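Working notes for the structure below.
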Amino acid sequence: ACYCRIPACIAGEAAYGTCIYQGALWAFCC
């Protein structure tokens, strides 16, 4: 599974780009 997160990816996750969702920019994390 991957996730859109604010402010950042959590433990054991790495960032692969961004999400644009509900008018904000999120980290795209897997």
Side-chain angles (χ1 to χ4, degrees):
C2 298
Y3 305 91
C4 299
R5 302 218 189 278
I6 286 167
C9 308
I10 68 181
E13 297 172 351
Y16 301 88
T18 270
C19 318
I20 294 77
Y21 165 75
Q22 294 171 161
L25 187 73
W26 309 68
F28 183 83
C29 304
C30 313

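Along the sequence shown, residues are numbered consecutively beginning with 1.
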Enumerate the salt bridge (charged side-chain N to carboxylate O under 4.0 Å, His left out) contacts for [range], please, sequence neighbours excluded, ordered by first and then second residue.
| range | result |
| --- | --- |
| residues 21-30 | none |
| residues 19-30 | none |
| residues 14-30 | none |
| residues 3-30 | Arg5-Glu13 |

Heavy-atom pair of closest approach, residues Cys19 and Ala27: SG-O, 4.0 Å
Taking side-chain contact (heavy atoms from CB on, under 4.5 Å) as the test, write out the residues that go with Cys30, two or more places apart. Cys2, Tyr16, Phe28
With sequence neighbours left out, the residues meeting side-chain contact (heavy atoms from CB on, under 4.5 Å) with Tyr21 are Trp26
Remaining members of hydrophobic cluster (4.5 Å side-chain criterion), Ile10: none
